[PDB]
Amino acid sequence: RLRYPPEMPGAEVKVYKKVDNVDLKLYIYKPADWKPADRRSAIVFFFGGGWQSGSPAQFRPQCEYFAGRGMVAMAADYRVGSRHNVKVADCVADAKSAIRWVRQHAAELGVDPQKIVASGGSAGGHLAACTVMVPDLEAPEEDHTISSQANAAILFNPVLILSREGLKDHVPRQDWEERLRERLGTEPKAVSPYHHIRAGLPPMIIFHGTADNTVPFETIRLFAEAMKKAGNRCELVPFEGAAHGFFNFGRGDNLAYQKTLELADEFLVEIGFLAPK
Numbered sequence: 717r718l719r720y721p722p723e724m725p726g727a728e729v730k731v732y733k734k735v736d737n738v739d740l741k742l743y744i745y746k747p748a749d750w751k752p753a754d755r756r757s758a759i760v761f762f763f764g765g766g767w768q769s770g771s772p773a774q775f776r777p778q779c780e781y782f783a784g785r786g787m788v789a790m791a792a793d794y795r796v797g798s799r800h801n802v803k804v805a806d807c808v809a810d811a812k813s814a815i816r817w818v819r820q821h822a823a824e825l826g827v828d829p830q831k832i833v834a835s836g837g838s839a840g841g842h843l844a845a846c847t848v849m850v851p852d853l854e855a856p857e858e859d860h861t862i863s864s865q866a867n868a869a870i871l872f873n874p875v876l877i878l879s880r881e882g883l884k885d886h887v888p889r890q891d892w893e894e895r896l897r898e899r900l901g902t903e904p905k906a907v908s909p910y911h912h913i914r915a916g917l918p919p920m921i922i923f924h925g926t927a928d929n930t931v932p933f934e935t936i937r938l939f940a941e942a943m944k945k946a947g948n949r950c951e952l953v954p955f956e957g958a959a960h961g962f963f964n965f966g967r968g969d970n971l972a973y974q975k976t977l978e979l980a981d982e983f984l985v986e987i988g989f990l991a992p993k
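Remember, our numbering sits 716 above the position in the sequence shown when you count from 1.
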């Protein structure tokens, strides 16, 4: 199972953020025949764990796959509640710092600063969505003239609704909702991707199980329908009968794992970030 600190063999380690004497690392998997002058697409994975735990090792298999396909793939560490005195808003700031750091260092990374993909699972899928559509929550001392907004997103059963304001439906109480409002660090709408749907957003694809008992599928369905209405490319792929975490390497018989990769691959080829196989 996953361990923290993680082991990322063959990954180049770079500190992307220094905050509260914590060195937050990116674990970078470069493709074959990589050179700094390249202008490759990049993907940054944010692990899940309810903004409380988790490990960058979670998306290590996906990093190796997309590095094999020609991307600069990386897994970001970020601060979480069980290890650091942080709230959800602090995690968002770390995720944005990671995107900004990749863009800022795009020339030394061999990366096209306009082809940076944010990706993640559950809380990490929420963070990835925040880097494409949730305003502000930036580290105060960073260069805000360097955008922290990713150019696409690939979300694995993310959390996308963190407030109940304006919603015309009932959303069931969840264990992880354990008055997380005390650990949000902002008014809930300010960390709720659903509440910042608007035209002109980067394209994304979302994988979600219809039997997810942690994040109800309907919240993601409602999100995708509202994003389509605003003109955005937001493809929701239901996994029928799948539970929370279905996509992970090792779950089931890696069928959903392989399936999400081939769908994510096709999505990246569609939007011109990846060459066909």
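Beta carbons: idealized from backbone N, C-alpha and C, even for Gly.
Counting every other CB atom within 10 Å of its CB across the protein chains shown gives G766 a total of 16 or more, marking it as buried. Judged by their CB atoms, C807 and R799 are not nearer to each other than the 8 Å cut-off. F762 is bridged by DSSP to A792, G836. Residue state for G925 is assigned as strand, using DSSP reduced to three classes. Judged by DSSP secondary structure, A868 falls within the beta strand (DSSP E) whose first and last residues are 868 to 872.
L883 has its alpha-carbon roughly 20 Å from the corresponding atom of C950. Where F962 is concerned, there is no enclosing beta strand (DSSP E), because DSSP gives it neither an H nor an E. For the set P918, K944, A958, the Cα lying nearest the Cα of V931 is the one of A958. The Cβ atoms of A866 and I815 lie closer than 8 Å to each other.
A residue is called buried when at least 16 other Cβ atoms come within 10 angstroms of its Cβ; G770 meets this threshold and is buried.
When secondary structure is reduced to three states using DSSP, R756 falls in the strand class. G764 is positioned such that its CB atom lies no closer than 8 Å to that of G826. A distance of 8 Å or more separates the beta carbons of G726 and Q774.
With fewer than three CB-CB distances shorter than 8 Å, the stretch 781 to 796 does not count as touching the stretch 871 to 883. Classified as buried, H924 has 16 or more neighbouring CB atoms from the shown chains inside 10 Å of its CB.
Of the residues assessed, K733 falls on the buried side of the cut-off, its CB having 16 or more other CB atoms within 10 angstroms. The bridge partners DSSP lists for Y732 come to none. Its chain contains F965 as the residues whose beta carbon lies nearer than 6 Å to that of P777, once the 5 sequence neighbours on both sides are disregarded; these appear in chain order. Counting the other CB atoms within 10 Å of its CB gives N929 a total below 16, which places it among the exposed residues.
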